[PDB]
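# Close look at the chain arrangement
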Amino acid sequence: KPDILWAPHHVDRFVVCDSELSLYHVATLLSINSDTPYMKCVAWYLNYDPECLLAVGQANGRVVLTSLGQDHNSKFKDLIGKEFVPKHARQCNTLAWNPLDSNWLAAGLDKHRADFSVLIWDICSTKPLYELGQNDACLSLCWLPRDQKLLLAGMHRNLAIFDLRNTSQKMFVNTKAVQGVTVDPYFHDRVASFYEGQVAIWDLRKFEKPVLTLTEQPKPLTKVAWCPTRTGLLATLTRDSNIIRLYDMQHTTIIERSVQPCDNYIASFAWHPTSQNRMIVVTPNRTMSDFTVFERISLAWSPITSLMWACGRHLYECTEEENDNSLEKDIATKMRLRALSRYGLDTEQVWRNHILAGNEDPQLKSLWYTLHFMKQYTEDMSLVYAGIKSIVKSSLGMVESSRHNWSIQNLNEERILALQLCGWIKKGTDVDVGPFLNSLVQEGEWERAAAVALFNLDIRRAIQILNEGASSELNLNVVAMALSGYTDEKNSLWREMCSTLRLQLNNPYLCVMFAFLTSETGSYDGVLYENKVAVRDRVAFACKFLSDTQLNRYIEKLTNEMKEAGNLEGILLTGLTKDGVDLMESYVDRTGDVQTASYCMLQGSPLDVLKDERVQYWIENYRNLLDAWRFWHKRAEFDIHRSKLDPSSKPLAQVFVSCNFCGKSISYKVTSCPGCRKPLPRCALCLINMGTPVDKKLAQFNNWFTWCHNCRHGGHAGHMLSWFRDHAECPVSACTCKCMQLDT
Amino acid sequence: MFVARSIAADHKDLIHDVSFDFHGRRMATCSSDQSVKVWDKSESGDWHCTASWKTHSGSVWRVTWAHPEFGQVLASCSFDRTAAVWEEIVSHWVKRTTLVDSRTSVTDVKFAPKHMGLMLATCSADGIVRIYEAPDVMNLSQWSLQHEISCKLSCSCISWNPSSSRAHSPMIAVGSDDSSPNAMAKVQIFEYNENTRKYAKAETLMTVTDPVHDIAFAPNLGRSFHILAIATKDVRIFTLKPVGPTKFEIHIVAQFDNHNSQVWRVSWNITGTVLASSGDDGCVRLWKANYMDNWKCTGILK
Ligand SMILES: [Zn+2]
Ligand SMILES: [Zn+2]
Ligand SMILES: [Zn+2]
Ligand SMILES: [Zn+2]
């Protein structure tokens, strides 16, 4: 039944109790006491001297004291190493001492015939000093810290409240549990009693029945102790359990929490008396871990992406990385950063919002480039804000070819509007993508340019392009020179080889070029379903090559796939219709962005999408989020934007003032009311009647109305501002309230 | 990526809660000494103390804030079998109306969303939820308890639905902390049929078998479905797709045991993308979602 303890005088000095006593310092051992084999009962000296001095009672029951400290002039050695056997041989049961007077100490033994059992002896510096309870079992021996002539004992089936000054004077109370009887220093009226897996709690002033009863856990409770630096906290330990359950005694419901100081079974858990709620657990495998159990933790978030958590008494806080790297933190931080950078609001050239958004995100690349294209075309021009589906819904006049002619206006014009919107064809009617290819080669995207050329049927120009790209910055020329095997042979070395290698490539554009070259006639499903390649280019190539019936399958399938997956790059297909709204709903459900949802919808919306109950909720919730930022002026600017781009929104409902004679509103002689021409109110300061005429400044701010919402006293803005700057009372005589400070 | 710090505040007794107002400039902490106190962050980033006053006989567990539109009030519950309100007069707070109608310890108090008025919901250990009303924002000295809901179990925590879209009827979630050997649902949801003008049981989560410590609702921000987190042995996140009470499509999204203990508190962000959870392990673990729509940890703090 080993346990652990520390030095009552030295916090860092700890004792490991085993078959051999070991003393360690906080772990590095100090000494190994193997002179006491087969230990039964252990006690420590209440007095400081001697250091590392203890009292041990083995099965023989003799009162023997052993020490481990190094003392050069120890004051009390005649008791150090001393032995005090009983008058009969009873096994060791319990042992304790009184810190009030260290001279007297009490020990408990097993059942002899009629000799002493609860024998108290002074170690001096033969026989017990005070004795009682002959021929009985003393499960526990203890001393009352407060009353130096008081103690609590436990018989075989009873517990008695006796006194030293009168041996026969005692108060015995019947109970079933007499194990682990102790009273915490703070709780002078609280007693304890353990019964296997059950624990019995009783009040000293009500020591007749158990005040509190705990649940009987399956494994018996081994050790139960009170918190040495906490109020109303007790812990009970069981057998071969990783976590020791505990109860809260500060209620007067008791909160039950269990803490596991280790992942293995621990023989006993002992809390250091000096340390503040720090517990030490000892296991049979000679491993000691000091785990300080913490209390319940509260949490509270903040609108600045900051978390405040209370762990006990102290207050702590967590910040937002502040690294300017990685994933740019949570969506809220990016949202605030964009709002502070005036994001979306800059509408003179649309595409700049992709750099204005901060980092490079491909999702917020297709949206703003598509939105720039739609606005740019309609300025020159349901036309653009309809998507590719509506654009090619009535597509007619497409002719396929079995074999490409190696080596654009021949297409139907409405089928060329899709090409124009897909970024290939310029604004003009020229079928020469020359500027697009030149810009691509300038941008360094050599593989993309090669793909565009191959789609445009310039094999030699593409070869020159690849050679030029590989001139600067080695496998590019390798693929390019390899590429010249294209043919229409049934079993060409080029054909079988490229069909094999089409999946062997690394660059998606090179893979797409290989697939197109090796594509069987008629079926081009290899290119059109490369999810690792741009949606834009695939859609444009399909429009350029596929026929009438083989476009209404691909467009619809791609649109459903993009809508289900929530890819923002499909807005070009969906357009600004109900389908686009569903796509944006999926995007918001995924990412949680409402600026990219609010600013996209307000950009050229016919008065059917804006009426949706969904397209208004995102704007309202973004405005509320801006309110949380306390970004008032940014919200005001966004309100200007929304109001000028959405007639359905009705501005705030506020107060208007009304005349006293006409009874009607004054909002559109200036001093005269417009209703029936009866005098308007006047400033309390100027005594001049109000009024405002309903580059040259027509009606300055200083002449506006302003009134106290508790007084209904009013005047010019400027005079009231001046008056309340130096004074603090209602301007009118006999008025009382302090008008300004009511709201500030 | 979350880094910690230390806040310059001194207390005597252990505190049980912290709660910001709506902007993040006023917190309200309740101490074990029956004394609640309100801090106020200044322009220099420091925290000062503005008020303090002892509460009723019991022990306060919860203190909550209110929307700034309605003034500045706080609701606090304690073992005194009463719920309180407090308003600033300038700063000396004043009791306005102690909603005392409970025969048990009112464990939780929460405020209804702004879009419907000044309501507050409380239920006690008896297992009956109460909804109160202030149908005059002028005077707070008059309240009415319209609906009483039988739970046939105990209460641990409750949470409203932040969503304010017109489609969603008002909703409430009632937990339980009963460890009876039998197995029964410990988290249930009620709706409000305007036709019947009453609160009706809508859906319950049968997968919940152990006692529940706390429940929270993730704010909507224009989403289609709902997000709900339940404190149990393991943190769990459920989503209830809308289809008498409306049928709900329920499917789990996460189940986390990275605590080796019992979860105590659950919280949500303003946006509703990061979850903060605290447990008996002495650590605070924050969970966010990744590109694969997967729920994983982001920082373990202690
Ligand atoms: Zn008039
Ligand atoms: Zn006045
Ligand atoms: Zn004036
Ligand atoms: Zn006034």
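Residues numbered from 1 in each chain as written, not as in the entry; some residues may be left out. Chains lettered and ligands numbered in written order. Part of a larger assembly, values for the part shown. Heavy atoms only, no water. Residues with missing side-chain atoms left out of burial classes, pairs and counts.

The deposited coordinates for this entry were obtained by cryo-EM, with a reported resolution of 3.82 Å.

## Details of the UniProt feature "binding site: Zn(2+) 1" in chain A
Residues and elements named next belong to chain A. We count it as follows: UniProt positions are given in the numbering used here, feature names are shortened, and annotations may be inferred rather than shown by experiment. Each helix corresponds to a stretch of at least 4 residues labelled H or I by DSSP, and each strand to a stretch of at least 2 residues labelled E; elements are numbered beginning at the N terminus. We call two residues contacting when some pair of their heavy atoms lies within 4.5 Å.
UniProt annotation of "binding site: Zn(2+) 1" refers to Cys659, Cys662, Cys673 and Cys676 when read in the numbering used here. Position of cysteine 659 relative to the elements: it lies in the loop between α19 (632–644) and α20 (717–726). Relative to the elements of secondary structure, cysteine 662 occurs in the loop between α19 and α20. When residues no more than four places from it in sequence are discounted, the contact partners of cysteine 662 are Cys673, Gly675 and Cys676.

## Observations concerning the pattern of salt bridges
Any two side chains of opposite charge can pair, given that their charged atoms come close. Residue and element names in this part refer to chain A. Applied cut-off: The term salt bridge refers to a pairing of a side-chain nitrogen on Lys or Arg with a carboxyl oxygen on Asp or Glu at a separation within 4 Å.
For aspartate 582, the salt bridge goes to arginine 614, with nearest N and O atoms at 3.0 Å. One end of the pair, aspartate 582, is in helix α16 (residues 578–591); the other, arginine 614, is in helix α18 (residues 613–629), and 32 residues separate them in sequence. One salt bridge in this structure joins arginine 635 and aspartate 627, with 3.3 Å as the shortest N-O distance. One continuous salt-bridge network, built from bridges that share partners, spans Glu620, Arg623, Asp627, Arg635, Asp639 and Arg642.

## Side note on the interface of chain A and chain B
Heads up, the condition is: Think of it as three bins: nonpolar holds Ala, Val, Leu, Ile, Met, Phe, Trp, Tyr, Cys and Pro, charged holds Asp, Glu, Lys and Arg, and polar takes everything else, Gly as well. Two strands pair under a simple rule: DSSP has to find at least two bridges between them.
Listed as interface residues are 39 residues of chain A and, on the opposing side, 49 residues of chain B. When residues of the side of chain A that touches chain B are traced back to their parent elements, those giving at least two are β27 (297–302), β28 (306–311), β29 (314–318), α1 (331–340), α16 and α18 of chain A. Ranked by the residues each element gives to the side of chain A that touches chain B, the list is headed by α18(A), at 7 residues. Its residues placed into classes, the side of chain A that touches chain B shows 22 nonpolar, 7 polar and 10 charged. Where β29(A) meets strand β1 (residues 4–7) of chain B, 4 bridges bridge the pair, whose relative direction is antiparallel. Among the inter-strand pairings, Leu315(A) is bridged to a residue of β1(B), identified as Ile7(B).

## Some words on the state of the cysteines
Residue and element names in this part refer to chain B. Inclusion rule: In this description, a disulfide is simply a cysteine sulfur pair whose atoms lie within 2.5 Å.
Across the disulfide, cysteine 123 is cross-linked to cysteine 155 (sulfur-sulfur distance 2.0 Å). Taking the sign of the S-S torsion, about -130° here, the bridge from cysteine 123 to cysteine 155 comes out left-handed. You can see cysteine 123 sitting in strand β11 (residues 119–124) and its partner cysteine 155 sitting in the loop between β13 (144–150) and β14 (158–160), a full 32 residues away along the chain.

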